[PDB]
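Chemist: File entry.txt follows (compact mmCIF, C-alpha atoms):
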# COMPACT_ATOMS: atom_id res chain seq x y z
CA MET X 1 141.42 85.74 101.73
CA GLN X 2 144.51 87.76 100.83
CA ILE X 3 148.05 86.88 101.88
CA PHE X 4 151.36 88.69 101.47
CA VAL X 5 154.27 86.59 100.23
CA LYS X 6 157.60 88.34 100.71
CA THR X 7 160.76 87.44 98.81
CA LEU X 8 164.45 88.02 99.53
CA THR X 9 164.37 90.64 96.78
CA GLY X 10 161.91 92.78 98.71
CA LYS X 11 158.95 91.84 96.56
CA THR X 12 155.48 91.53 98.05
CA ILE X 13 153.34 89.07 96.10
CA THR X 14 149.62 89.19 96.82
CA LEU X 15 147.91 85.83 96.40
CA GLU X 16 144.31 84.75 96.79
CA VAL X 17 144.01 81.69 99.02
CA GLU X 18 141.49 80.12 101.39
CA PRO X 19 141.68 77.95 104.57
CA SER X 20 141.02 74.87 102.41
CA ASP X 21 144.00 75.69 100.20
CA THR X 22 147.07 73.48 100.33
CA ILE X 23 150.63 74.66 100.96
CA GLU X 24 151.74 72.80 97.83
CA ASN X 25 149.06 74.54 95.78
CA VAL X 26 150.23 77.92 97.09
CA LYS X 27 153.75 77.18 95.85
CA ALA X 28 152.33 76.16 92.47
CA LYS X 29 150.66 79.56 92.18
CA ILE X 30 153.98 81.29 92.87
CA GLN X 31 155.59 79.12 90.20
CA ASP X 32 153.05 80.44 87.69
CA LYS X 33 153.51 84.02 88.89
CA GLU X 34 157.29 84.40 89.22
CA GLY X 35 158.48 81.16 87.67
CA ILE X 36 160.27 79.61 90.62
CA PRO X 37 160.38 75.77 90.76
CA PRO X 38 158.81 74.16 93.90
CA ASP X 39 162.28 72.82 94.78
CA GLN X 40 163.49 76.39 95.26
CA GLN X 41 160.37 77.41 97.14
CA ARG X 42 160.69 77.22 100.91
CA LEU X 43 157.66 78.68 102.66
CA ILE X 44 158.48 79.87 106.16
CA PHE X 45 155.99 81.25 108.66
CA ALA X 46 157.13 82.96 111.86
CA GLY X 47 160.41 81.06 111.55
CA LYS X 48 158.99 77.61 110.85
CA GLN X 49 158.39 75.73 107.60
CA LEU X 50 154.94 74.70 106.44
CA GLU X 51 154.34 71.08 105.46
CA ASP X 52 152.81 70.46 102.02
CA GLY X 53 150.37 68.01 103.55
CA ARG X 54 148.78 70.77 105.61
CA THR X 55 146.26 73.55 105.16
CA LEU X 56 146.32 77.20 106.21
CA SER X 57 144.02 76.26 109.09
CA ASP X 58 146.61 73.79 110.40
CA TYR X 59 148.87 76.73 111.20
CA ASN X 60 145.99 79.05 112.15
CA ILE X 61 146.84 81.40 109.28
CA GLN X 62 144.40 84.30 109.38
CA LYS X 63 143.70 87.17 106.99
CA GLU X 64 146.52 89.46 105.81
CA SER X 65 149.13 86.99 107.05
CA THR X 66 152.68 87.51 105.81
CA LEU X 67 154.40 84.50 104.26
CA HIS X 68 158.18 84.33 104.09
CA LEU X 69 159.39 82.77 100.84
CA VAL X 70 162.95 81.58 101.31
CA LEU X 71 164.87 81.32 98.04
CA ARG X 72 167.40 78.52 97.61
CA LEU X 73 169.54 76.45 95.25
CA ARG X 74 171.55 73.22 95.24
CA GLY X 75 173.93 73.92 92.38
CA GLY X 76 176.99 75.47 93.97
CA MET W 1 178.91 95.76 89.92
CA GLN W 2 181.92 95.70 92.23
CA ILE W 3 183.49 92.42 93.36
CA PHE W 4 186.22 91.65 95.89
CA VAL W 5 189.02 89.32 94.83
CA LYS W 6 191.20 88.13 97.71
CA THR W 7 194.71 86.87 97.05
CA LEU W 8 196.59 84.19 99.01
CA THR W 9 198.51 86.99 100.73
CA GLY W 10 195.27 88.36 102.13
CA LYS W 11 195.29 91.28 99.72
CA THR W 12 191.86 92.28 98.42
CA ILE W 13 191.24 93.86 95.02
CA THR W 14 187.98 95.52 94.00
CA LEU W 15 187.03 95.06 90.36
CA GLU W 16 184.34 96.65 88.23
CA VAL W 17 182.52 93.96 86.29
CA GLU W 18 179.05 93.02 85.06
CA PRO W 19 177.12 89.72 84.51
CA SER W 20 177.79 90.07 80.78
CA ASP W 21 181.56 90.08 81.39
CA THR W 22 183.70 86.98 80.88
CA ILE W 23 186.05 85.37 83.40
CA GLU W 24 188.95 85.78 80.97
CA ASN W 25 188.37 89.54 80.85
CA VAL W 26 188.46 89.57 84.65
CA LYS W 27 191.93 88.02 84.49
CA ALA W 28 192.98 90.71 82.02
CA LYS W 29 191.72 93.35 84.45
CA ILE W 30 193.76 91.85 87.29
CA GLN W 31 196.74 91.46 84.96
CA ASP W 32 196.47 95.14 84.07
CA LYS W 33 196.63 96.06 87.75
CA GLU W 34 198.80 93.52 89.58
CA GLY W 35 200.59 92.23 86.49
CA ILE W 36 199.87 88.56 87.09
CA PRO W 37 199.76 86.22 84.03
CA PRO W 38 196.23 84.90 83.28
CA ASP W 39 197.71 81.40 83.06
CA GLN W 40 198.84 81.59 86.68
CA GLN W 41 195.56 83.20 87.66
CA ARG W 42 193.33 80.52 89.15
CA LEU W 43 190.09 82.20 90.20
CA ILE W 44 187.79 80.20 92.47
CA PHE W 45 184.37 81.35 93.66
CA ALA W 46 183.23 79.53 96.82
CA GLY W 47 184.68 76.31 95.45
CA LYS W 48 183.65 76.83 91.85
CA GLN W 49 186.58 77.01 89.45
CA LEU W 50 185.90 79.80 86.99
CA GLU W 51 186.59 78.89 83.37
CA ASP W 52 188.08 81.54 81.07
CA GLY W 53 185.40 81.09 78.43
CA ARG W 54 182.54 81.69 80.85
CA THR W 55 180.28 84.59 81.72
CA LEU W 56 179.94 85.98 85.26
CA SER W 57 176.19 85.35 85.02
CA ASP W 58 176.93 81.64 84.60
CA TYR W 59 178.27 81.48 88.15
CA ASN W 60 175.57 83.80 89.53
CA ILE W 61 178.11 86.18 91.05
CA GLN W 62 176.60 89.22 92.77
CA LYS W 63 177.90 92.49 94.17
CA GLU W 64 180.38 92.59 97.08
CA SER W 65 181.07 88.90 96.47
CA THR W 66 184.48 87.60 97.52
CA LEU W 67 186.52 85.59 95.02
CA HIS W 68 189.63 83.50 95.71
CA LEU W 69 192.75 84.04 93.61
CA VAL W 70 195.20 81.14 93.72
CA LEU W 71 198.64 81.45 92.15
CA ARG W 72 200.12 78.57 90.17
CA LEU W 73 203.89 78.10 90.00
CA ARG W 74 206.15 75.55 88.29
CA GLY W 75 203.93 73.97 85.65
CA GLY W 76 202.89 74.04 82.02
CA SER E 1 182.08 98.02 101.61
CA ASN E 2 179.45 96.05 103.59
CA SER E 3 176.79 98.25 102.03
CA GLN E 4 175.18 95.41 100.09
CA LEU E 5 176.03 92.66 102.56
CA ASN E 6 174.30 94.53 105.39
CA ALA E 7 171.34 95.33 103.14
CA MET E 8 170.94 91.69 102.14
CA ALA E 9 171.12 90.57 105.77
CA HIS E 10 168.45 93.13 106.68
CA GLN E 11 166.05 91.41 104.28
CA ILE E 12 166.90 87.96 105.63
CA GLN E 13 166.21 89.25 109.14
CA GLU E 14 162.63 89.88 108.02
CA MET E 15 162.32 86.34 106.68
CA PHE E 16 163.67 84.80 109.87
CA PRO E 17 162.53 86.83 112.91
CA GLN E 18 164.45 84.48 115.22
CA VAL E 19 168.04 84.65 113.95
CA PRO E 20 170.78 86.90 115.46
CA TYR E 21 171.54 89.79 113.08
CA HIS E 22 175.24 89.72 114.00
CA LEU E 23 175.36 86.13 112.75
CA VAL E 24 173.54 86.88 109.50
CA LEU E 25 176.07 89.62 108.77
CA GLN E 26 178.77 87.02 109.38
CA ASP E 27 177.46 84.40 106.94
CA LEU E 28 176.93 87.07 104.28
CA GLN E 29 180.72 87.37 104.13
CA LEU E 30 181.12 83.61 103.66
CA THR E 31 178.28 82.88 101.24
CA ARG E 32 177.70 86.33 99.70
CA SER E 33 174.23 85.29 98.51
CA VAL E 34 170.77 85.39 100.12
CA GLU E 35 169.92 82.27 98.13
CA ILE E 36 172.56 80.39 100.10
CA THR E 37 172.48 82.14 103.50
CA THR E 38 168.74 81.87 104.17
CA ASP E 39 168.66 78.30 102.85
CA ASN E 40 171.71 77.19 104.84
CA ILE E 41 170.15 78.73 107.95
CA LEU E 42 167.51 76.00 107.84
CA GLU E 43 170.17 73.38 107.12
CA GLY E 44 172.17 74.33 110.18
CA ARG E 45 174.96 76.61 108.97
CA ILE E 46 174.29 79.42 111.43
CA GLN E 47 174.08 78.60 115.13
CA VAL E 48 170.53 79.17 116.31
CA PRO E 49 169.94 81.09 119.58
CA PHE E 50 170.16 78.34 122.18
CA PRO E 51 169.84 79.13 125.93
CA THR E 52 173.46 79.23 127.06
Would you put the structure from the file into structure tokens?

Modeler:
Amino acid sequence: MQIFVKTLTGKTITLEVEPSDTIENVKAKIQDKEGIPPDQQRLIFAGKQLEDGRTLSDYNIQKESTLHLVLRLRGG
Amino acid sequence: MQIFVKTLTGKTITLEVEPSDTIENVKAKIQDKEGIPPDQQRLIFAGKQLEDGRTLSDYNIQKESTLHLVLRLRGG
Amino acid sequence: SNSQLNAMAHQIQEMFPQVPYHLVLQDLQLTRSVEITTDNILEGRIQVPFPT
């Protein structure tokens, strides 16, 4: 199924994922697409964070769901 | 890009800079306006002390960002 | 000018559909970066809407 990952820059990344996909794997795909380390990848859905040890079915994520990718840093 | 440098007095100065600009040049720009020696110009960005021989891109400074200008007196 | 600060907050408001906009606009003047604001929101920088 198709999902829409939105960034703080206003970018809408379209990724191909399935219910059996893992949240960690999704972040890995984004790392290959934009080049953002998993440490700086915070996936938020409806205001809550998704655990890496969960699937899209665990959060009842259906088709055309919008994923909020929160950018971050720990430098200063 | 335009940045906002706030002085200890509360005064705010808007400067025209770019990521490719150096911190030292920023001091020269302030010196050209307010007439404050670059040696007494201690620029701090959210806790990060800006080094003269550094680029604005090295501190990831964006537009409309507020910078702190601390004045140094009595010292070598 | 608050032209960029407001714009940045507007984007964050879409990422977190549960945070008060007036508070996001406030943090934007303290952090001045979406990379810090949005992240710090999860940490506990901005006071979440608690029934009071």

Chemist: For chain X, which residue out of W:41, W:2, W:49, W:7 is the nearest one, using all atoms listed in the file?

Modeler: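 Smallest distance to chain X is found for W:49.
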
Chemist: Could you produce a table of the residues of chain W lying within 10 Å of chain X, with the nearest pair of atoms per residue and their separation in Å rounded to one decimal, using only C-alpha atoms, ordered by chain and increasing residue number, as a Markdown table?

Modeler:
| residue | atom | partner | partner_atom | distance |
| --- | --- | --- | --- | --- |
| W:45 | CA | X:76 | CA | 9.4 |
| W:46 | CA | X:76 | CA | 8.0 |
| W:47 | CA | X:76 | CA | 7.9 |
| W:48 | CA | X:76 | CA | 7.1 |
| W:59 | CA | X:76 | CA | 8.5 |
| W:60 | CA | X:76 | CA | 9.5 |

Chemist: By how many Å are CA of residue 72 (chain W) and CA of residue 37 (chain W) apart?

Modeler: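 About the pair CA of residue 72 (chain W) and CA of residue 37 (chain W): they are 9.8 Å apart.
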
Chemist: Contacts from chain X to chain E, 8 Å maximum, all atoms listed in the file: show me the residue list as a ChimeraX atom specification.

Modeler: /X:6,8-10,44,46-47,68-73

Chemist: Can you show chain X as an mmCIF file with C-alpha atoms, keeping the file's coordinate frame once it has been least-squares superposed onto chain W, using every C-alpha atom paired in order?

Modeler:
data_model
loop_
_atom_site.group_PDB
_atom_site.id
_atom_site.type_symbol
_atom_site.label_atom_id
_atom_site.label_comp_id
_atom_site.auth_asym_id
_atom_site.auth_seq_id
_atom_site.Cartn_x
_atom_site.Cartn_y
_atom_site.Cartn_z
ATOM 1 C CA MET X 1 179.085 96.209 90.334
ATOM 2 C CA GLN X 2 181.988 95.780 92.748
ATOM 3 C CA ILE X 3 183.730 92.486 93.471
ATOM 4 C CA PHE X 4 186.436 91.518 95.949
ATOM 5 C CA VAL X 5 189.296 89.435 94.571
ATOM 6 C CA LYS X 6 191.388 87.883 97.326
ATOM 7 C CA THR X 7 194.934 86.621 96.839
ATOM 8 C CA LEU X 8 197.070 84.134 98.769
ATOM 9 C CA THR X 9 199.045 87.120 100.040
ATOM 10 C CA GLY X 10 196.021 88.517 101.846
ATOM 11 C CA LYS X 11 195.396 91.245 99.309
ATOM 12 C CA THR X 12 191.873 92.373 98.489
ATOM 13 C CA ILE X 13 191.632 93.733 94.950
ATOM 14 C CA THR X 14 188.489 95.695 94.148
ATOM 15 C CA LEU X 15 187.445 95.418 90.512
ATOM 16 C CA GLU X 16 184.574 96.931 88.576
ATOM 17 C CA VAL X 17 182.678 94.291 86.610
ATOM 18 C CA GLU X 18 179.164 93.678 85.304
ATOM 19 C CA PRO X 19 176.982 90.576 84.618
ATOM 20 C CA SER X 20 177.917 90.835 80.924
ATOM 21 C CA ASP X 21 181.617 90.700 81.776
ATOM 22 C CA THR X 22 183.623 87.627 80.850
ATOM 23 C CA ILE X 23 185.752 85.564 83.232
ATOM 24 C CA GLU X 24 188.672 85.885 80.811
ATOM 25 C CA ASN X 25 188.275 89.660 80.749
ATOM 26 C CA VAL X 26 188.311 89.743 84.557
ATOM 27 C CA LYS X 27 191.655 87.928 84.563
ATOM 28 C CA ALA X 28 192.985 90.398 81.992
ATOM 29 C CA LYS X 29 192.130 93.257 84.343
ATOM 30 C CA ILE X 30 194.067 91.573 87.154
ATOM 31 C CA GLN X 31 197.007 91.149 84.786
ATOM 32 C CA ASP X 32 197.017 94.916 84.231
ATOM 33 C CA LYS X 33 196.634 95.609 87.951
ATOM 34 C CA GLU X 34 199.100 93.208 89.593
ATOM 35 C CA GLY X 35 200.914 91.852 86.562
ATOM 36 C CA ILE X 36 200.053 88.179 86.839
ATOM 37 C CA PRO X 37 199.889 86.183 83.557
ATOM 38 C CA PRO X 38 196.506 84.482 82.795
ATOM 39 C CA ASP X 39 198.301 81.116 83.031
ATOM 40 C CA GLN X 40 198.956 81.772 86.716
ATOM 41 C CA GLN X 41 195.457 83.078 87.314
ATOM 42 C CA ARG X 42 193.026 80.483 88.620
ATOM 43 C CA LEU X 43 189.699 82.023 89.585
ATOM 44 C CA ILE X 44 187.864 79.939 92.160
ATOM 45 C CA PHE X 45 184.390 80.642 93.497
ATOM 46 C CA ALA X 46 183.013 78.789 96.520
ATOM 47 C CA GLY X 47 185.489 76.001 95.772
ATOM 48 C CA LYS X 48 184.844 75.669 92.046
ATOM 49 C CA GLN X 49 186.633 77.131 89.026
ATOM 50 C CA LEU X 50 184.961 79.520 86.616
ATOM 51 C CA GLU X 51 185.088 78.761 82.897
ATOM 52 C CA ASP X 52 186.398 81.530 80.621
ATOM 53 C CA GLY X 53 183.498 80.958 78.263
ATOM 54 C CA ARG X 54 181.023 82.025 80.933
ATOM 55 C CA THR X 55 179.654 85.220 82.415
ATOM 56 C CA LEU X 56 179.095 86.291 86.016
ATOM 57 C CA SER X 57 175.402 85.530 85.517
ATOM 58 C CA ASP X 58 176.227 81.914 84.642
ATOM 59 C CA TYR X 59 177.379 81.411 88.221
ATOM 60 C CA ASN X 60 174.753 83.757 89.696
ATOM 61 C CA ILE X 61 177.463 86.101 90.979
ATOM 62 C CA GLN X 62 175.768 88.968 92.792
ATOM 63 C CA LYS X 63 177.059 92.245 94.218
ATOM 64 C CA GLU X 64 179.977 92.286 96.683
ATOM 65 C CA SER X 65 180.866 88.700 95.789
ATOM 66 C CA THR X 66 184.278 87.470 96.909
ATOM 67 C CA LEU X 67 186.476 85.890 94.246
ATOM 68 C CA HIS X 68 189.274 83.530 95.223
ATOM 69 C CA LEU X 69 192.360 84.005 93.052
ATOM 70 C CA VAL X 70 194.513 80.904 93.299
ATOM 71 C CA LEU X 71 198.165 81.567 92.484
ATOM 72 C CA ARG X 72 200.160 78.893 90.668
ATOM 73 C CA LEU X 73 203.261 77.994 88.666
ATOM 74 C CA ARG X 74 204.575 75.185 86.462
ATOM 75 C CA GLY X 75 208.302 75.768 86.783
ATOM 76 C CA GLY X 76 209.414 73.612 89.682
#

Chemist: Could you work out an axis-aligned bounding box for all listed atoms of region 35-41 of chain W, with 6 Å added on each of the six sides, and give its centre and edge lengths in Å to one decimal, as AutoDock Vina command-line options?

Modeler:
--center_x 198.1 --center_y 86.8 --center_z 85.4 --size_x 17.0 --size_y 22.8 --size_z 16.6

Chemist: Of the residues W:32, W:64, W:58, W:18, which is the one nearest to residue 5 (chain W), using only C-alpha atoms?

Modeler: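 Of all the options, W:64 lies closest to residue 5 (chain W).
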
Chemist: Which residues are near residue 31 (chain W)? Cut-off 12 Å, all atoms listed in the file, ignore same chain within fewer than 6 positions. Put them as a PyMOL selection string.

Modeler: chain W and resi 13+15+24-25+37-41

Chemist: May I ask which of the residues E:44, E:49, E:29, E:21 is the closest one to residue 4 (chain W), counting all atoms listed in the file?

Modeler: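 So, comparing all the options, the nearest one is E:29.
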
Chemist: For a quick check of understanding, using all atoms listed in the file, which of E:43, E:25, E:31, E:48 has the smallest distance to residue 3 (chain E)?

Modeler: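 The answer is E:25, which sits nearest to residue 3 (chain E).
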
Chemist: Find the residues around residue 1 (chain X) up to 7 Å (all atoms listed in the file counted), leave out those fewer than 4 positions away in its own chain, and share them as a list in words.

Modeler: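 Here the qualifying residues turn out to be residues 16, 17, 18 and 63 of chain X.
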
Chemist: To one decimal in Å, tell me the separation between CA of residue 52 (chain X) and CA of residue 27 (chain E).

Modeler: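 About the pair CA of residue 52 (chain X) and CA of residue 27 (chain E): they are 28.7 Å apart.
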
Chemist: Could you please determine the separation between CA of residue 23 (chain W) and CA of residue 6 (chain E) in Å, to one decimal place?

Modeler: 26.6 Å

Chemist: Any chance you could build region 61-74 of chain X out to N, CA and C atoms and write it as a compact mmCIF listing (two decimals), keeping the file's coordinate frame?

Modeler:
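Listed below is the output, rebuild_32.txt:
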# COMPACT_ATOMS: atom_id res chain seq x y z
N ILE X 61 146.52 80.24 110.10
CA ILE X 61 146.84 81.40 109.28
C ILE X 61 145.58 82.21 109.01
N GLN X 62 145.54 83.42 109.54
CA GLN X 62 144.40 84.30 109.38
C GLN X 62 144.56 85.22 108.18
N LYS X 63 143.69 86.21 108.09
CA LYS X 63 143.70 87.17 106.99
C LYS X 63 144.91 88.10 107.08
N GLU X 64 145.39 88.53 105.91
CA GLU X 64 146.52 89.46 105.81
C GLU X 64 147.80 88.91 106.45
N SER X 65 147.94 87.60 106.48
CA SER X 65 149.13 86.99 107.05
C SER X 65 150.31 87.11 106.09
N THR X 66 151.49 87.37 106.63
CA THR X 66 152.68 87.51 105.81
C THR X 66 153.43 86.19 105.71
N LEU X 67 153.69 85.75 104.49
CA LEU X 67 154.40 84.50 104.26
C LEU X 67 155.82 84.79 103.81
N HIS X 68 156.78 84.13 104.43
CA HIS X 68 158.18 84.33 104.09
C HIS X 68 158.66 83.27 103.09
N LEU X 69 158.92 83.69 101.87
CA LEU X 69 159.39 82.77 100.84
C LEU X 69 160.91 82.77 100.78
N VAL X 70 161.51 81.71 101.30
CA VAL X 70 162.95 81.58 101.31
C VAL X 70 163.45 80.99 99.99
N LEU X 71 164.29 81.76 99.30
CA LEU X 71 164.87 81.32 98.04
C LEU X 71 166.03 80.38 98.33
N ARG X 72 166.33 79.48 97.40
CA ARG X 72 167.40 78.52 97.61
C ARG X 72 167.91 77.96 96.29
N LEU X 73 168.94 77.12 96.40
CA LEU X 73 169.54 76.45 95.25
C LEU X 73 170.43 75.32 95.74
N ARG X 74 170.70 74.35 94.88
CA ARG X 74 171.55 73.22 95.24
C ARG X 74 172.65 73.00 94.21
